[PDB]
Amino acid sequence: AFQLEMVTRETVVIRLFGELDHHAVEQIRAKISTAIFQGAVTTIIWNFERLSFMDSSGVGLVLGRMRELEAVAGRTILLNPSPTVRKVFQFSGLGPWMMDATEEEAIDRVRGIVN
């Protein structure tokens, strides 16, 4: 399961629970790609706290959104991966986007503390 929540007009949090199946991957892709192209989403905070398993389809979902964000000066954070999920990201080359923090901290820090 997943939760999509616009915190600001430009920042969305995507909360994942359990495992993603193809229906969920396609709904996320559809909704979030539209939000980037015909909206103003420029930051995605993926909260993996409750995701128990991630496979190549999940990785591809994340990276396809990274390509969309590249056209709008966007940013991605992979928040709170579990040990197993963290391993999949590291093996896949996505380790550099990982963060262990609260959702509030991640949003405050995404492009550096605002001041």
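All residue numbers refer to positions in the sequence shown, first residue = 1.
Query raised in the report: Between 22 to 30 and 61 to 69, which has the higher average C-alpha B-factor in the PDB entry?
Result: In the deposited entry, the stretch with the higher C-alpha B-factor mean is 22 to 30.
Query raised in the report: C-alpha B factor of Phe89, ranked within the chain: lowest, middle or highest third?
Result: It belongs to the middle third of the chain when residues are ordered by C-alpha B-factor.
Query - Ranked C-alpha temperature factor of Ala101 among modelled chain residues, by third - result: Middle third of the chain for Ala101's C-alpha B-factor.
Report task. Determine, from the deposited record, the chain-internal third of the Cα B-factor for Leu79: lowest, middle or highest. Result -> It falls in the bottom third of the chain.
Query raised in the report: Ranked by Cα temperature factor within the chain, is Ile113 in the lowest third, the middle third or the highest third?
Result: Its C-alpha B-factor belongs to the middle third of this chain's values.
Report task. Rank-wise, by C-alpha B-factor, drop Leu51 into the lowest, middle or highest third of its chain. Result -> Its C-alpha B-factor belongs to the middle third of this chain's values.
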